[PDB]
Amino acid sequence: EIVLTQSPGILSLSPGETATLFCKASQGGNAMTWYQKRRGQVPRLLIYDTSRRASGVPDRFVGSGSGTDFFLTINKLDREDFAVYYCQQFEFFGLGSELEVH
Amino acid sequence: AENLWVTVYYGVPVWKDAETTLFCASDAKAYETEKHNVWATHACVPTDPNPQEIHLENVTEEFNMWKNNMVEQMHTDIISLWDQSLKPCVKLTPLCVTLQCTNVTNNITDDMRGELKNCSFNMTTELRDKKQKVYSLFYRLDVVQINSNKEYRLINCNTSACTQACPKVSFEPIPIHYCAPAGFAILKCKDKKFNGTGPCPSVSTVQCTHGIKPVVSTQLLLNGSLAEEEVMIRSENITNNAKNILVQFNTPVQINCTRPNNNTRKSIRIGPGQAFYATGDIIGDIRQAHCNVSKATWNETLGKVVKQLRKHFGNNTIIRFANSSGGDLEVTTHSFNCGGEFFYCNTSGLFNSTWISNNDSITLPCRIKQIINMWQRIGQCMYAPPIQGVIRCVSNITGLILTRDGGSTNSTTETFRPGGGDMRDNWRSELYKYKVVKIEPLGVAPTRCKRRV
Amino acid sequence: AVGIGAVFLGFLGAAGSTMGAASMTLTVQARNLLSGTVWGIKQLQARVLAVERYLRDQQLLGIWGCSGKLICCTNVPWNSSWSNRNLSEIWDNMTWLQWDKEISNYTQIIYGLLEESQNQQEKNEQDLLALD
Amino acid sequence: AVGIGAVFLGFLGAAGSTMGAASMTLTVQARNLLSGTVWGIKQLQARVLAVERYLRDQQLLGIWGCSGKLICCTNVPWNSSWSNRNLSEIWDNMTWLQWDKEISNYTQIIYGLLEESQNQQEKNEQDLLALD
Amino acid sequence: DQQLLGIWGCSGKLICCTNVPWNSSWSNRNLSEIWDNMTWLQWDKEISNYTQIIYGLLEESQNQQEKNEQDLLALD
Amino acid sequence: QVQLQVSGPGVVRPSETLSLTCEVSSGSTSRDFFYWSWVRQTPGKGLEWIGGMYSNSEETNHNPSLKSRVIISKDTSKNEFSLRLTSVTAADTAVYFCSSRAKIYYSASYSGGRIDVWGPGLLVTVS
Amino acid sequence: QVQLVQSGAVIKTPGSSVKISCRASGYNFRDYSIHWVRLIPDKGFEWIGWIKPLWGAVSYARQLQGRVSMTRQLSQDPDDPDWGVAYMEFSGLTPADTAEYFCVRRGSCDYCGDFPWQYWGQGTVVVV
Amino acid sequence: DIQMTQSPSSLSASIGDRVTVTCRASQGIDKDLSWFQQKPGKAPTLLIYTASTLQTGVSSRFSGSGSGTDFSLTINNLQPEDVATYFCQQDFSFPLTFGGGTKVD
Amino acid sequence: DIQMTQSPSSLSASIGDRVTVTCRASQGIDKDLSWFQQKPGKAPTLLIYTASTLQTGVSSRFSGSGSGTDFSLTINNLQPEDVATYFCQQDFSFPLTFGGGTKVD
Ligand SMILES: *[C@@H]1O[C@H](CO)[C@@H](O[C@@H]2O[C@H](CO)[C@@H](O[C@@H]3O[C@H](CO[C@H]4O[C@H](CO)[C@@H](O)[C@H](O)[C@@H]4O)[C@@H](O)[C@H](O[C@H]4O[C@H](CO)[C@@H](O)[C@H](O)[C@@H]4O)[C@@H]3O)[C@H](O)[C@H]2NC(C)=O)[C@H](O)[C@H]1NC(C)=O
Ligand SMILES: *[C@@H]1O[C@H](CO)[C@@H](O[C@@H]2O[C@H](CO)[C@@H](O[C@@H]3O[C@H](CO)[C@@H](O)[C@H](O[C@H]4O[C@H](CO)[C@@H](O)[C@H](O)[C@@H]4O)[C@@H]3O)[C@H](O)[C@H]2NC(C)=O)[C@H](O)[C@H]1NC(C)=O
Ligand SMILES: *[C@@H]1O[C@H](CO)[C@@H](O[C@@H]2O[C@H](CO)[C@@H](O[C@@H]3O[C@H](CO)[C@@H](O)[C@H](O[C@H]4O[C@H](CO)[C@@H](O)[C@H](O)[C@@H]4O)[C@@H]3O)[C@H](O)[C@H]2NC(C)=O)[C@H](O)[C@H]1NC(C)=O
Ligand SMILES: *[C@@H]1O[C@H](CO)[C@@H](O[C@@H]2O[C@H](CO)[C@@H](O[C@@H]3O[C@H](CO)[C@@H](O)[C@H](O[C@H]4O[C@H](CO)[C@@H](O)[C@H](O)[C@@H]4O)[C@@H]3O)[C@H](O)[C@H]2NC(C)=O)[C@H](O)[C@H]1NC(C)=O
Ligand SMILES: *[C@@H]1O[C@H](CO)[C@@H](O[C@@H]2O[C@H](CO)[C@@H](O[C@@H]3O[C@H](CO)[C@@H](O)[C@H](O)[C@@H]3O)[C@H](O)[C@H]2NC(C)=O)[C@H](O)[C@H]1NC(C)=O
Ligand SMILES: *[C@@H]1O[C@H](CO)[C@@H](O[C@@H]2O[C@H](CO)[C@@H](O)[C@H](O)[C@H]2NC(C)=O)[C@H](O)[C@H]1NC(C)=O
Ligand SMILES: *[C@@H]1O[C@H](CO)[C@@H](O[C@@H]2O[C@H](CO)[C@@H](O)[C@H](O)[C@H]2NC(C)=O)[C@H](O)[C@H]1NC(C)=O
Ligand SMILES: *[C@@H]1O[C@H](CO)[C@@H](O[C@@H]2O[C@H](CO)[C@@H](O)[C@H](O)[C@H]2NC(C)=O)[C@H](O)[C@H]1NC(C)=O
Ligand SMILES: *[C@@H]1O[C@H](CO)[C@@H](O[C@@H]2O[C@H](CO)[C@@H](O)[C@H](O)[C@H]2NC(C)=O)[C@H](O)[C@H]1NC(C)=O
Ligand SMILES: *[C@@H]1O[C@H](CO)[C@@H](O[C@@H]2O[C@H](CO)[C@@H](O)[C@H](O)[C@H]2NC(C)=O)[C@H](O)[C@H]1NC(C)=O
Ligand SMILES: *[C@@H]1O[C@H](CO)[C@@H](O[C@@H]2O[C@H](CO)[C@@H](O)[C@H](O)[C@H]2NC(C)=O)[C@H](O)[C@H]1NC(C)=O
Ligand SMILES: *[C@@H]1O[C@H](CO)[C@@H](O)[C@H](O)[C@H]1NC(C)=O
Ligand SMILES: *[C@@H]1O[C@H](CO)[C@@H](O)[C@H](O)[C@H]1NC(C)=O
Ligand SMILES: *[C@@H]1O[C@H](CO)[C@@H](O)[C@H](O)[C@H]1NC(C)=O
């Protein structure tokens, strides 16, 4: 099986700032999915294929990385963007990183 | 002399990757058995008696069987041509009618069920005023009880009128060669250890493809092309468990299949020039149609695919084979067509094993349906006429279509289930070598020659 | 000579070879480029597509300095900024598909240079014959 | 040069202009002439009509003094009885549709004169090589 | 037919001389009797065996003329 | 090994069967055909052709100066050209070459060239 | 548009079996697979299985076999070919299974695989 | 069989001499004669096929003249790579008979 | 900005002299220089584009040479219609800087 591990856990920052989340995979060589879920709402796909933005996605979300190391960078944060973020390889999941208003 | 001049050369051999429409071409030997006995015996240009493949040198192209074209084209062509062999035949519009069915005359076991229901009904004669009472035999899988009295109906009475297949035309496979038009070429990869993705080192161009017998087989693809020296597993992405795994092995497995029940074709006159072919009497014993494989060759070939499957998951891996999980009839059981008769055979006796990292024959029963819903169209069903006598066929199991289960939560073992799914997985086991390229002449290069005026 | 063999140097047989190897056999590859109830409509569409491509290539050649010849020199100098590789390494070593993927950016510019040079050669030939 | 504009001199753009204006741009008009369940049959009929026309024009040119060139001088003198208008007024003033409607009566005679002159040039070229 | 002519020594002309000598072993009939007496269908049925050899000779002579023309322009 | 490389035993017992194989290959086309030929180079005489066979058929064409004592066989799948010379005396002590016999013609009409290159031989001594 | 309509949230007892429907509309139902996923608090997401509604070919997670079941029912009329119904019958109910369930569909782009599920239902809460 | 006689067995010349090897036949082999070059110990490689046509790969130094029964190979500007035994091969009728061998020193 | 210096301000010559206007640049404008003719009171009209190519419409008297930073317009057979101020225009980078002006009397 594949185990996903998210590094920062809870990230408390201010609006307007930038942020960089990081995930690490046990087995390299495949893609990575990035999901956004707000508080008590329906989830929504941010990034598929680790570099492609989905529908209804602004370009301030940039996914990057290779091998086991993957980055999701958000530039010029908004208060709507303070939510939970998941990393996903085929059927496995991370435990979700929390973004909080400092 | 250091200043060079441009030159255009026309007819330069260089191709690009492309998508075009190849044209079918069957062999002229099937035209010798003429008069519309199968499809494409009259709608196909006869083949070239010298298929002329040309082995190349120092060349390497990257192939991809999964994003390949012309498997979609084969699927669309076979679907549309299958639809084209039904328009001259008869619609069963006066047949969706009140059926008075009883049990078939047989020593009835109350624990089991009889698989034949004997149904008599009103049918219109050739004359519009007079109607007759006529009887026939069907299976449980084609009729349903509508709601004492016991009156049934056909299962397709509320979706579509079933076009009866013409009993003149047969459903045996004949080799179709897909030939490319002028300006295009077909490249086939002759490397032995080629897993169908990436650069192949030894390719060769050909004008037409080799023999593709088109089989209708969900699990356990029949009559395929055998592998070269060992078993080869192929997938688009191994860690993806939603992608099917195509297993093609070297030595074929002989499978026999038969219906031992002797049937009687009976004609009923629907109207003027309209004939409905039903089942008459069952001559002899009422037995269950079945298939056989050899026990030892099946155990050996499963050992071979275990030996090859341990290359993708490490050595210390426990591999087990379990049956299909569930769905419709023709995706959990393996379905095929033994000379105009559709079998749906149980494969629980085959995928029932476990494998550790240290004269008999398997018989399996089948069910027989007469009405089919091939390719699951919304309003297109098809009745199949009964055929005379004991029906047996010999075929060769060549490969498998497997699916790895949804392993999470520290899975020590990895199980594999059979599953047919899309029909395109069958055709990708035959067009996996070929790709279609567009010849673009007129290259351009400098040399040291300026044109004299 | 009794006892006479043959290698059937067929269509598309100098792919991996060098440029100067394929320059001899290109004529047969140019020769084989042409010939080759709804299925007749498909094969007809494919056949007229093939002749559409052949006539496009013949017209594209014809406005240049050669009408029906297969080897053609013109009066446009080879811009060294395109590929900057000298004669021997491109005439002895490099293959054709490599040569395609090396200069697949300046092809249209080469087409325009050929067309402009041929058209000014047309006007110069028409004006050379003006004084006669 | 940064700050570079462009006028896209498109297909069929020198109609009202003089002859010598259209003589430069005619090559692109010649280039654009070619390419472009019953509806496929209509579009197929239109497409093969277009190539029927293009092949007719290429054959009609080919029996004359030029095979694939776009400008062609021959050895037939211009009969003054046709139009009797001198060089400057027909090369600077007159348009093309006007020139079409001025000599739309002697066109076939000009075709026959070209064909006869080219055929006698063929026999003279064949006899020039006879003594060699 | 246009392509079959075009790889030979003429592109669109209707009369075409080449640099291949007429092999006398084909038909061994001299100039006057084949230019004044014989008909066309007779001429077709007289040499309907060596036609492909004539095609190959034309093609090889034209291709070596192409390489000689390209090498004549090499030193310029 | 190189193309047309002859291998096998280098010493043949008196009056036994010399059996040599040779690395052959298929042509560029399935339509191609070769003629593989055994030739010996003797110190006494010159080059002497032993025999050969078409790659298309199984008929053997050989030199009757050896008086039909050869068994010329082939296996294109196994890259095998094989001579089984029988009743081998010391007169057949020679360096044996195996030769490819074919033409290089360009387009479907004419002849265009013949290639009859040879591979490096193997000295077989009979005593 | 692509619409995925679930049923309302339900409350069950331990040892029962909950049937959750998933109606899909706005696309050709026979082409795209249907996945089922769960969300448990302090556990994150956990994958259940997929079903291809063309035939009903299913695949389950390994640790949930014997408990879950998936069926489908197609739309058989030449007027409404778009809509379709998927099912999930979850048996062997324990109080650990109190979670929010989703039935999801992948995207339709060319580089889109199967697991990057674009379209999501509104979710169904199951409390035991 | 058709006898093939190649002459000389050996010919000596300095660097740059045009030498001539004469191959004679007993019968009509009209233009079926090959010329082969063999390094001592190595395999014979082709020089001339059909007795007058230069094979692609060897230089224009190797030229060939003659017809019928008599042919002459001609080496203009004799080279140090021409130290080899030369053989003329009959391929007109069965069997294949080859030359005697001409050594260059 | 890129400075453009045109010389001379005025040059005097008789009827039929080949004159030369020198335009120098501070930076690499390699062949992005235009030559313009302006009647006194009227609009400047184009003579030379890309510093060496004759524009259609003006005569072959207006020729251009030079490269890099230094260019020279050349008037063979100076005419009475050449009484005009000439300007060399840089168009390599922003901003557009033009010449000083060369008067012909
Ligand atoms: C995988 O590939 C194998 C190899 O071809 C297929 O096996 C063949 O399958 C076909 C179709 O089921 C068989 O054809 C039928 O055979 C019946 C048995 O007769 C055979 O034996 C007699 C006597 O020797 C022969 O004369 C005859 O030709 C057969 O060889 C016939 O009764 C059938 O004929 C009836 O139908 C045809 C249809 O056109 C009519 O023309 C006839 O008049 C008659 O009504 C039919 O010929 C064939 O026998 C099988 N071969 C073998 C060796 O068993 C497999 O079927 C294929 N796999 C799948 C799934 O299709
Ligand atoms: C399951 O396995 C298959 C087999 O490889 C795998 O398919 C491949 O996916 C990649 C994308 O993940 C496809 O795209 C290529 O990716 C490589 C490496 O990045 C590059 O050469 C190209 O991507 C470039 O371009 C992108 C957009 O321009 C950039 O964003 C990117 O950063 C790169 O610069 C190229 O597009 C590749 O074609 C396929 N190959 C095949 C044979 O299908 C598949 O992704 C695997 N599944 C998962 C979920 O990973
Ligand atoms: C036609 O079909 C009928 C079935 O409806 C069939 O009748 C059955 O015949 C057998 C023997 O002929 C009867 O006896 C059985 O024999 C087996 C073999 O030893 C026993 O194992 C059975 O015992 C089981 O069932 C008993 C109840 O019947 C239990 O008491 C016992 O513990 C075992 O569980 C049994 O004795 C059999 O009883 C009948 N069936 C019925 C329903 O009575 C008949 O033979 C068929 N005729 C032909 C010609 O084929
Ligand atoms: C494909 O083939 C497999 C076998 O090759 C087939 O599996 C069998 O199906 C039946 C019913 O579908 C299973 O259930 C049996 O049904 C009878 C009916 O009365 C019961 O009496 C049986 O119970 C006996 O056995 C129990 C266990 O030993 C005893 O506890 C009990 O007292 C009875 O003696 C039994 O429930 C049958 O078990 C399976 N076989 C196996 C090995 O699992 C399958 O149905 C076929 N596929 C399809 C789609 O039909
Ligand atoms: C894969 O193998 C398993 C193992 O046997 C199969 O499970 C079996 O499925 C049958 C039904 O097909 C079950 O039969 C039962 O019969 C009673 C009799 O009335 C009925 O009430 C039940 O509803 C059911 O029909 C059988 O118990 C069951 N056995 C086990 C151990 O689970 C499964 O069907 C196989 N799958 C395929 C696709 O073949
Ligand atoms: C199916 O049922 C029909 C009745 O509709 C059976 O036909 C009768 O069979 C009995 C038994 O021999 C005869 O006495 C009657 O004369 C038959 N009637 C007709 C109209 O044929 C038929 O035998 C049954 N078939 C099976 C296979 O059980
Ligand atoms: C005729 O078929 C009916 C079904 O329509 C049979 O009725 C039931 O059949 C099952 C299995 O065949 C048995 O388990 C039931 O006990 C049957 N019901 C009854 C009330 O007996 C019926 O047995 C068949 N035979 C006859 C003679 O009617
Ligand atoms: C065939 O048609 C006859 C005639 O309509 C049907 O027989 C009728 O059945 C109904 C319902 O049982 C009775 O009320 C009528 O009295 C019957 N009429 C006659 C003339 O028999 C019969 O049901 C139809 N089907 C079969 C299988 O015979
Ligand atoms: C099929 O074989 C190809 C090689 O021919 C494999 O592709 C390479 O796999 C390695 C991992 O083992 C990667 O590091 C390379 O980047 C891959 N190259 C390319 C071009 O994809 C491929 O993984 C094999 N596929 C299967 C399913 O076995
Ligand atoms: C299936 O039944 C038919 C009867 O309808 C059998 O054909 C008979 O065969 C015997 C000898 O084999 C002949 O004497 C009869 O004349 C045949 N009758 C008919 C109507 O053809 C047929 O043989 C049976 N099939 C099998 C395999 O036994
Ligand atoms: C499958 O059928 C074939 C015949 O089509 C069987 O092969 C025969 O096997 C017997 C021994 O059992 C031999 O005596 C015959 O000579 C064989 N005939 C042929 C044509 O092969 C085979 O045994 C069957 N397999 C199984 C598992 O039943
Ligand atoms: C498994 O064992 C084989 C020996 O047969 C070895 O070649 C291979 O590398 C091993 N694979 C792994 C993953 O250890
Ligand atoms: C699986 O194999 C066992 C032992 O070989 C057998 O008892 C069982 O019946 C098989 N499974 C099925 C479903 O038949
Ligand atoms: C047709 O009837 C069957 C039997 O009741 C039913 O299951 C099916 O849903 C019906 N189909 C339609 C389209 O109503």
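Residue numbers (our numbering), protein chains in the order written: chain A, 1 to 102; chain B, 103 to 555; chain C, 556 to 687; chain D, 688 to 819; chain E, 820 to 895; chain F, 896 to 1022; chain G, 1023 to 1150; chain H, 1151 to 1255; chain I, 1256 to 1360.
Every residue gets a Cβ at the ideal spot worked out from N, C-alpha and C, and that includes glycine.
Item, Value
"I/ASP1285 Cβ short of 7 angstroms to ligand 2 heavy atom set", "no"
"C-beta contact flag for I/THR1305 and I/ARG1279 at 8 angstroms", "no"
"E/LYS864: first and last residue of the uninterrupted alpha helix (DSSP H) it sits in", "859-865"
"Contact residues within the stretch 139-170 of chain B, judged by C-beta distance below 7 angstroms to chain C", "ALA145, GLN154, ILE156, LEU158, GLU159, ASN160 and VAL161"
"Beta-carbon proximity of B/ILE464 to B/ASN394, cut-off 8 angstroms", "yes"
"Beta-carbon proximity list for E/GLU878, same chain, < 8 angstroms, skipping 5 on both sides", "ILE826 and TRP827"
"B/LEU323 versus B/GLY501: straight-line alpha-carbon distance, rounded", "6 angstroms"
"Per-residue contacts from E/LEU892 into chain B (C-beta, under 8 angstroms)", "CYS551, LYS552, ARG553 and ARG554"
"Pocket of ligand 14 (residues with CB nearer than 6 angstroms to any heavy atom), chain order", "B/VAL246, B/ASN260, B/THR261 and G/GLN1098"
"Cβ of C/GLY575 within 8 angstroms of any chain B Cβ", "no"
"CA-to-CA distance, A/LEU21 to A/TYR48, given in whole angstroms", "16 angstroms"
"Residues bridged to F/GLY947 [DSSP beta-bridge criterion]", "F/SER932 and F/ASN956"
"Beta bridge counterpart(s) of B/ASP119 as assigned by DSSP", "B/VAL539"
"Cutoff 8 angstroms: D/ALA688 Cβ touching any chain I Cβ", "yes"
"Terminal residues of the beta strand (DSSP E) in which B/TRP457 lies", "455-457"
"Backbone CA spacing between G/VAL1059 and B/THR449 [nearest angstrom]", "30 angstroms"
"CB contact check: F/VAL919 to chain H, cutoff 8 angstroms", "no"
"Chain H contact for F/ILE966 (CB, 8 angstroms cutoff)", "no"
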